[PDB]
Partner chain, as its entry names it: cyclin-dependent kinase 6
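Just one chain is shown here, as structure tokens, and it is the form deposited without its partner chain.
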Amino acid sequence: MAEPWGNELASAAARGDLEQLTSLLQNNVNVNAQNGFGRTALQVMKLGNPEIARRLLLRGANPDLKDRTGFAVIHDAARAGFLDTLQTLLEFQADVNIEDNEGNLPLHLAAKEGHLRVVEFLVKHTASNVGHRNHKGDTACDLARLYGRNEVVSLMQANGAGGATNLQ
């Protein structure tokens, strides 16, 4: 077949089809393809399973495969609440600092949705987005905060990630 990634990938990949990706991978796949949508199965990848991207990441799935809204698959991994999937991104060195089409990043998303245990992962491993201030500067702390989510705020604020830079 002459269709690397794109439909086939984003299809099974973003359809939860785990093996479908393997069979297609062992056969052939634009590790970095990107339909006119500006996305690759690594971005759509049914975040339900986080290995979804892994199957692609093992061959080369840039976790910061941004999209139209500057959303990196990391966004998707966290924004929706797929930490183990957000991990597939970290495992494969995904820009924990990856952002959107302005500045906010997947740590501010889980912060807006309230994905505490999730945003808790970015502050637990990866490079975390402590002072990661978005375009204006509402970093991932000014995000889970403005949206009310405090356990998400304290998560970073307490983890020296919510501003508060007083060390003396």
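Residue numbers count along the first chain shown, from 1.
The same protein also has a form solved in complex with its partner chain, omitted here; what follows describes it.
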Would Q20 count as a contact of its partner chain in the bound PDB entry, using a 4.5 angstroms cut-off between non-hydrogen atoms?
-> no
Can you check whether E120 is within 4.5 Å of its partner chain in the bound PDB entry, heavy atom basis?
-> no
Does any heavy atom of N35 come within 4.5 Å of a heavy atom of its partner chain in the bound PDB entry?
-> yes
Is there a heavy atom of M45 lying 4.5 Å or less from a heavy atom of its partner chain in the bound PDB entry?
-> yes
